[PDB]
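Inspection log for the structure reproduced underneath, given as structure tokens.
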Amino acid sequence: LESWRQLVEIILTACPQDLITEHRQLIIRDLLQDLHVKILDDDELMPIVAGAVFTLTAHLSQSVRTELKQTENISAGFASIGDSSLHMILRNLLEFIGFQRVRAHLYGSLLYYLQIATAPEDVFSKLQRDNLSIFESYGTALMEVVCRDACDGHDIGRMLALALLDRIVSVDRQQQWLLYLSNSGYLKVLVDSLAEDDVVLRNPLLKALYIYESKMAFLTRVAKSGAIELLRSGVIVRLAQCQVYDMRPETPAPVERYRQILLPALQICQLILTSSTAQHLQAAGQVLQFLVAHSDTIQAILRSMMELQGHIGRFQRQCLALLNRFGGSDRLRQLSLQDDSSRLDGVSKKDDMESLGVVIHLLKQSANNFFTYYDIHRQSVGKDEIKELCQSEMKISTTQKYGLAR
């Protein structure tokens with residue numbers, strides 16, 4: 001049997017290469033039908049289940065890519081029945097739980113859900129509601145097990161377990177999962193476990209890398225945009241790690257990595273500070289505190305003509321406020337980000353055939369406004385301060401009042 005299945009896993013890869021398809025999707029569905037019955041029926045077997053999950057990810061991912069690229073009406077109703085089957089696959093895998101394999105496949109499913117995130121939107125939202133319902137059918141016991149695996153001795157298991165948790169919070173809309181994670185003590189564990197994400201980075205593989213990339217993207221999104229439960233276990237202590245990393249960097253490539261880690265920690269801290277303020281305004285004492293006891297290392301991370309000079313002047317001493325404003329201004333200028341996406345879409349359309357006018361029009365318009373208001377911020381640099389900087393990122397009257405207030 002181990003030979004027959006490993007033969008299917010290698011035959012499967014060849015089929016995928018050939019596809020590189022509706023027929024392939026049908027084959028995947030057939031595999032799921034055979035696979036689903038076996039998994040539900042019985043608990044070697046765990047390894048086979050993991051292999052099946054990997055195959056699904058290989059095919060499911062391809063299907064997702066095809067959807068992104070996108071018989072228009074018919075293909076949508078083939079995907080939705082697919083997802084309906086894949087949900088009842090996910091449910092049997094949870095009941096049957098091998099655990100590491102489940103975490104890997106579960107993490108992949110979470111990533112797929114994130115990717116999915118007006119009819120398509122309605123369907124995605126409906127799926128999210130349904131996914132939550134499915135999780136509820138699973139119950140409280142699943143979460144504790146997931147939490148335990150994030151801090152084990154099986155290095156692939158714990159990566160997949162943590163990557164899965166990002167997706168469970170991302171698809172939630174009633175916030176009961178975060179309350180369950182505080183109740184089990186996971187956040188406290190995750191103090192040392194953020195230390196351990198650090199040690200993870202310190203110490204299948206491709207899938208793990210993709211999951212890490214997705215987590216980084218989620219962190220970036222949070223920075224651009226639970227805070228109580230994190231702060232209540234000692235966010236400052238968790239931060240101490242970032243300071244230590246910065247110190248290590250001060251003491252090459254390792255130093256650069258430490259700086260990057262510090263930058264990652266700082267964004268999270270900022271996100272925590274903003275959310276808490278409405279009910280816990282004294283967390284603005286905590287932002288003012290140790291947070292920016294840094295030097296040079298913060299200035300490099302916050303930057304990684306007139307606007308640059310202003311950022312440099314702010315990084316001199318006073319406060320790290322101005323820096324964040326400079327980063328926001330750079331992000332606003334980077335309106336090619338949409339232009340780059342448009343160029344990628346045009347390339348995808350050419351590939352489908354074997355239309356970037358909106359993209360270049362976006363980038364040029366952003367360029368004109370960027371240089372104009374950037375020289376305006378230069379004139380600002382020639383002459384409540386944080387709020388004024390935010391407004392500038394988004395004039396002489398606010399400038400004279402800020403220059404009388406500074």
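A note on labels: chains of the structure tokens are A, B, ... as shown, every chain counts residues from 1, and ligands are counted from 1 in their shown order.
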Got a sec to tell me which of segment 137-322 of chain A DSSP assigns to helix (DSSP H, G or I), as a PyMOL selection string?
chain A and resi 137-138+140-149+155-171+176-183+186-202+205-224+227-231+235-250+253-276+283-288+290-292+297-303+306-314+321-322
Within 12 Å of segment 311-328 of chain A, which residues of segment 174-253 of chain A come that close, and what is the closest atom pair and distance in Å for each? Count only C-alpha atoms and give it as a Markdown table.
```
| residue | atom | partner | partner_atom | distance |
| --- | --- | --- | --- | --- |
| A:223 | CA | A:324 | CA | 10.8 |
| A:224 | CA | A:328 | CA | 8.9 |
| A:225 | CA | A:328 | CA | 11.7 |
```
What separation in Å, quoted to one decimal, exists between atom CA of residue 190 of chain A and atom CA of residue 92 of chain A?
28.4 Å
Interatomic distance between atom CA of residue 228 of chain A and atom CA of residue 272 of chain A?
8.0 Å
Which residue gives the smallest distance to residue 232 of chain A among A:256, A:266, A:160, A:185, with only C-alpha atoms counted?
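Among the listed residues, A:185 lies closest to residue 232 of chain A.
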Can you tell me, as number ranges by chain, what residues are no more than 8 Å from segment 21-36 of chain A when counting only C-alpha atoms, ignoring any on the same chain fewer than 3 positions away?
A: 15-16, 39-40, 49, 52, 56, 59, 63, 82, 89, 92
Skipping near chain neighbours, those fewer than 2 positions away, what residues fall within 9 Å of residue 362 of chain A using only C-alpha atoms, listed as a ChimeraX atom specification?
/A:335-336,338-339,357-360,364-367
